[PDB]
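One structure below.
In what follows, residues are counted from 1 in the order of the sequence shown. Worth knowing before you read on, the calculation uses all heavy atoms, side chains too, and leaves out hydrogens, waters and symmetry mates. Note that ligands are numbered from 1 as they come in the structure, with each ligand's atoms numbered from 1 the same way.
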Amino acid sequence: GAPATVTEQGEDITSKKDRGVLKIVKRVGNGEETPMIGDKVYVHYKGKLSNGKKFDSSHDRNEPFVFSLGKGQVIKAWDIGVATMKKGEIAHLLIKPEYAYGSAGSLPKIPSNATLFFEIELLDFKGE
Ligand SMILES: COc1ccc(CC[C@@H](OC(=O)[C@@H]2CCCCN2C(=O)[C@H](C)c2ccc(Cl)s2)c2cccc(OCC(=O)O)c2)cc1OC
């Protein structure tokens, strides 16, 4: 499955190298440029618990997910992950709880100490 493929082949993109966030590029993007801290980014995503439950998709709303990178508007794993991405890229991330919702979780949807999986498509990004 896609999550197990990330376990096996994913690059560790954490600074501590604790395998907290693992990444595979599934479709290559355009150019060399990746977003800077403070850039406005536009993505589509599909997310689930590592074991398959709680599937959630922005495509639901025909509606890009928009946020400012590196401002702590999203879980740590997304600030780390999206910053590695090029415009047009689709990546898979597997995320240990320390980089997500931790021991608190977000009940009942996300349990204590949950590993998450996302497929993220970076549509565009623009400066502050
Ligand atoms: C800095 O740390 C945080 C910052 C924000 C949050 C809140 C959750 C955040 O969610 C997330 O950071 C991740 C990654 C972005 C897409 C949604 N996220 C999810 O986990 C979703 C809920 C999942 C989908 C399937 C899963 Cl299983 S988990 C989120 C959800 C919905 C909207 C939003 O911004 C704009 C608004 O308020 O309208 C932001 C949680 C944080 O830490 C635990």
Query raised in the report: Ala100 near ligand 1, heavy-atom distance under 4.0 Å?
Result: yes
Report task. Have a look at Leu116, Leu93, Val82, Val74 and point out the one with the heavy atom closest to atom 3 (C) of ligand 1. Result -> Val74
**Report entry** Parallel, tilted or perpendicular: rings of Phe118 and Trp78 (30°, 60°)
**Finding:** perpendicular
Requested in this report: Compute the minimum heavy-atom distance from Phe118 to ligand 1 and say whether it is under 4.0 Å.
Outcome: yes
**Report entry** Under 4.0 Å to a heavy atom of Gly47 - the qualifying atoms of ligand 1, by number
**Finding:** 25 (C)
**Report entry** Minimum non-hydrogen distance to atom 10 (O) of ligand 1, winning option of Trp78, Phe67, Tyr101
**Finding:** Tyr101
Requested in this report: Before accepting this row, confirm whether a basic side-chain N of the pair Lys48/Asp56 lies closer than 4.0 Å to the acidic partner's carboxylate O.
Outcome: no
Report summary line: For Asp56, the ligand 1 atoms with a heavy-atom partner under 4.0 Å come out as 24 (C), 25 (C)
Query raised in the report: Is there a donor-acceptor pair closer than 3.5 Å between any side-chain N or O of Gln73 and the backbone N or O of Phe67?
Result: no
Report summary line: Short version for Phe55: what comes under 4.0 Å of ligand 1, heavy atoms counted, is neither
Query raised in the report: Between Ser106 and ligand 1, which residue portion shows a heavy-atom distance shorter than 4.0 Å: side chain, backbone, both, or neither?
Result: neither
Query raised in the report: Given the side-chain rings of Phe125 and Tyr42, with only the six-membered ring counted for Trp, is the space between their centroids under 6.0 Å?
Result: no
Report task. May I ask you to check whether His44 and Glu121 show a side-chain donor-acceptor distance below 3.5 Å? Result -> no
Query raised in the report: Do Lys17 side-chain atoms and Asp12 backbone N/O form a donor-acceptor pair below 3.5 Å?
Result: yes
Requested in this report: Check ligand 1 against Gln73 and write out every atom of the ligand that is under 4.0 Å from a heavy-atom position of the residue.
Outcome: 4 (C), 5 (C), 39 (C)
Requested in this report: State plainly whether the residues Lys23 and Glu89 are in salt-bridge range, i.e. N to O under 4.0 Å.
Outcome: yes
Query - ligand 1 atoms in contact with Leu49 (distance to a heavy atom under 4.0 Å) - result: 27 (Cl)
Query raised in the report: Any donor-acceptor pair under 3.5 Å linking the side chain of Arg19 with the backbone of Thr7?
Result: yes
Requested in this report: Provide the number and element of each atom of ligand 1 under 4.0 Å from a heavy atom of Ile110.
Outcome: 27 (Cl), 28 (S)
**Report entry** Close-contact set for ligand 1 against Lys48 heavy atoms, below 4.0 Å
**Finding:** 27 (Cl)
